[PDB]
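So here's one chain in two forms, each on its own in structure tokens, numbered structure 1 and structure 2.
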Structure 1
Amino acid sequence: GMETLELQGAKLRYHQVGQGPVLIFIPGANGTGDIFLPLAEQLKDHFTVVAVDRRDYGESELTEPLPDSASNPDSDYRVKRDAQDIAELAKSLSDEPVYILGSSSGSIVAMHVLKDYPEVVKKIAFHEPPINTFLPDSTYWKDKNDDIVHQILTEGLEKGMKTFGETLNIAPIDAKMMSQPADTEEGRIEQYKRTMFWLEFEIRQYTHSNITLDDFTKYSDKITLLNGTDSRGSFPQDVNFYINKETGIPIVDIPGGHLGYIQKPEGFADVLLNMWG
């Protein structure tokens, strides 16, 4: 049971309980207003407690996707947009400046609400802010944040792909090709996005999907199985050997490895022309 304010680019959802002057709670890391609901109950007889799901979280919905620069660590799009959400939320519920509390990164949003929309602010509270920009040692703390985020975003992935490599016995050539960075940064950032997506939304769902041997036998005359000449011993060739074992469907060898169609396009094509040309 949530309220909705439609705004530029999002349906902003929020709880509202009580009577009197409006009191907006801005969540921190958890991003959602439910975490203030026991606090609201203790306040609903003095303030109209409004507790927001910030537009990227919870029951709030984006109506158009984030800009691609939002992943840049010095992008200001999201913090400024959250702060404008709170100001428009205030302006839609009150004709007076309102009370505001933010906690942790939510208190940083609160700082930007006061900076950019001081006319909506009656009183404001910053509960344990982690912003570092104005500290004498801002650099130390910014560098810690950057390096721990970098570790999280990269280490486990690198290890897991190598573990995939040994477990599946991927050929060296494929391994280097399949894990080579892009010459640009716009192409390099996309490639982490894409790999993360394949991992969460493709590999498990597709490799355990609803194909039976019976499906191949039904139309056996149509099917060729292809094994690369440079990827012998790898797990997908064993998939083809098993299909062939149980169905009789022929295996054709074709040049290159798992990526043979671009490792060796000429020889790849010569085989496809022999089969189908």
Structure 2
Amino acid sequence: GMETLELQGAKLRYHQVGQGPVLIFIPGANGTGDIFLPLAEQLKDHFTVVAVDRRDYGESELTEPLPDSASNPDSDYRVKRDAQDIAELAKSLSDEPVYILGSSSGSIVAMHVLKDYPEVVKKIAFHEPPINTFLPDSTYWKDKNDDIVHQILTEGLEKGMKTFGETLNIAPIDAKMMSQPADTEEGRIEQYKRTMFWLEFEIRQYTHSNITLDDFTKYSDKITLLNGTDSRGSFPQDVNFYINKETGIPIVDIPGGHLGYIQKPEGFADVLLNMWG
């Protein structure tokens, strides 16, 4: 049960309670205004308290995708868009300048509201901002942030071999080949995103999808099951053994492991050409 302001690119949702001059609270990393509700109850006799879900969070919703460049660490799109969200909200609720308080990364949003839309600001408070750009030791803090983001990436890719080895239940050499970190930072970033997408959206949905043995028997003349010569004892071979046992569909052993088509391409090709050539 939240209020809505439709803006360019998003439906902005906010809580509103109180009477009196408008006071907008801008949240930090939690992104949502509900964290200000106990404070709003303390203030509602004196201010019209407005607590925002910033457009990428909570009950707010984007109506257009973020630009490709938003993932660039030097992108200014989001912080600028967040600031003009607050300015538009302030103008939709008040014909006079308003009170604004932002905390943590939300106090950085507040700084940009004052920089680019001073006309909407009556008074403003910056609660514990973590901005470093104007500090004498800016580089220390900026480098540390860039390193922590990269640290989380490396720690993610380290779980690759459990991710594929324990879900596909394949041989460790195959699991290793599948989870081997890419050669470059950009390649590793893409690799991590692929792995996380596959985990969320592919492995469970596909491996429990609606296929039955009677679906194979109906066209058994078209089907060959393939087991790698190097991946014996693995779960996917056990699947093919079950299909072969119950339907009579043949298994052909083909060189290599779970990735035999890239591990041993000449031998893989020879077997296929004998099957189908």
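Here, a residue number simply tells you its place in the sequence of structure 1, counted from 1. For the two forms, the rigid core is made up of the largest set of C-alpha atoms that agree within 1.5 Å on superposition.
- Seen as two rigid parts moving between structures 1 and 2, the chain puts residue 139 and residue 197 on opposite sides of the split.
- After fitting the larger rigid piece on its C-alpha atoms, the remaining smaller piece is found rotated by 22 degrees between structures 1 and 2.
- When the rigid core is fitted, residue 185 shows a C-alpha shift of 8.9 Å between structures 1 and 2.
- Core-superposed comparison between structures 1 and 2: residue 206 shows a Cα shift of 2.1 Å.
- With the core fitted, the CA of residue 90 sits 0.1 Å away from its counterpart between structures 1 and 2.
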